[PDB]
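Only one chain is given next, in structure tokens, and it is the form deposited in one PDB entry.
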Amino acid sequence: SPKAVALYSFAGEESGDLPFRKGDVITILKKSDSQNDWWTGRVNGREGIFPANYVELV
């Protein structure tokens, strides 16, 4: 499974969003062919979707 580092924090205020802080390493559960889409991941015991541009694939 791909991992990615958060370049910026995401508050993830909407239901289904995955919040994270800058520097967190997110486990990617689903990605698309664009890093401008919302991808699916998990970190900190939460699961959800987030803007893929906020992360850098390891």
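In this text, residue numbers run from 1 along the sequence as written.
Remark: stretch with higher mean C-alpha B factor among 5 to 13 and 19 to 27 is 5 to 13.
Same protein, other form: the form solved in complex with a partner chain, not shown, and the subject of what follows.
Not displayed here, its partner chain is approached by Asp37 to within 4.5 Å at the level of heavy atoms in the entry with it bound. Contact check for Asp24: no non-hydrogen atom falls within 4.5 Å of its partner chain in the entry with it bound. Contact check for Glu14: a non-hydrogen atom falls within 4.5 Å of its partner chain in the entry with it bound. In the entry with it bound, its partner chain sits beyond 4.5 Å of every heavy atom of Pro2.
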